[PDB]
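Below you'll find only one chain, the form deposited in one PDB entry, shown as structure tokens.
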């Protein structure tokens, strides 16, 4: 069909291609005629043919974990903006943490010959790390590791530990000493990482978290709901709670309400993520904000680089969480004594 254009215009397809890609000078008259044809014939140049020759699809693949989750969703929307503005096409894939699913999308991606790969898999077992390597040839950056798990990738690091520390510190500085924590999956960075940053500040303050006070979450609201319940549903209960993620926090808020508990008047709650609509939680959620937009743009850029300026070496860029005071925390019994 580029042939059909060339002939309506009575010029070579070489000509047609040059005017289309402005790749060499062409007589106006000529140029015009081509456009003419191009339009009446209703021509849509085929990218598949082009990619076949030029060797790049100008398309990028995001191998995510899930895209419904608030947290994830915001990131993804970020990456897409960046692809759109630099002409890239985004292929979205959710692996639900399923190896098989992961092996599958990864392969459905290489064949489609994506220019680069964006990896956000939450948990990284050696078997997954292993698969990942089999595609070192395809440029890629993992956007969710704590440290640099591997050498065949680029990495953007969130400083999830420094975030945990911040959260704890805040609680301490507000007068709290009986604190509880609902962490996210330990196999994940935003999980383990945040928790440990938190425990460190405790250790520092000689606070001790009684194990009956720490309950595993899964980032889902129901997990939060169940944990808070289990926490407040006991003889002795903390006065403040650190919840590993906002959406779980949202769940924690609902249960308290349901036990007729008052936030922050009966329990103080601090979360983590600062998801777009946490300010509209009831009450407005105090939390640690994760730079989602930057986490995305930053990732897109390292990739474009490697893609364009053919980098070979592994890079890593840090990003920084920051505390956001809203209205879900209140002074604790020791506020006056410091």
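Here, rigid core means the biggest group of C-alpha atoms that superpose within 1.5 Å across both forms. Positions refer to the first chain, counted from 1.
- Averaged over CA atoms, B-factors in the entry run higher in 124-132 than in the other of 69-77 and 124-132.
- For the pair 160-168 and 94-102, the record assigns the higher mean C-alpha temperature factor to 94-102.
- When the C-alpha B-factors of 143, 250, 138, 202 are read from the PDB record, the largest value belongs to 138.
- Note on 188, 117, 207, 243: the highest value goes to 188, judged by CA B factor as recorded.
- Residue 29: CA B factor lies in the highest third for its chain, per the PDB record.
- Ranked against the other modelled residues of its chain, the C-alpha B-factor of residue 212 as given in the entry falls in the middle third.
- In the PDB entry, a CA B factor belonging to the middle third of its chain's modelled residues is recorded for residue 192.
- The deposited CA B-factor of residue 336 belongs to the middle third of values across its chain.
- In the PDB entry, a CA B factor belonging to the highest third of its chain's modelled residues is recorded for residue 38.
If you look for the form deposited in another entry, you will not find it shown, but the lines that follow are about it.
- Following superposition on the rigid core between the shown form and the other one, the residue from 232, 128, 205, 209 with a C-alpha displacement of 2 angstroms or more is 128, and no other.
- After superposition on the rigid core, displacement of the C-alpha of residue 109 between the shown form and the other one amounts to 2 Å or more.
- Once both forms are fitted on their core, a CA shift of 2 Å or more is seen for residue 88 between the shown form and the other one.
- The Cα shift for residue 144 between the shown form and the other one, taken after rigid core superposition, is 2 angstroms or larger.
- The distance between the CA atoms of residue 70 and residue 216 is at least 3 Å shorter in the other form than in the form shown here.
- In the other form, the Cα positions of residue 72 and residue 153 lie at least 3 Å nearer to each other than in the form displayed.
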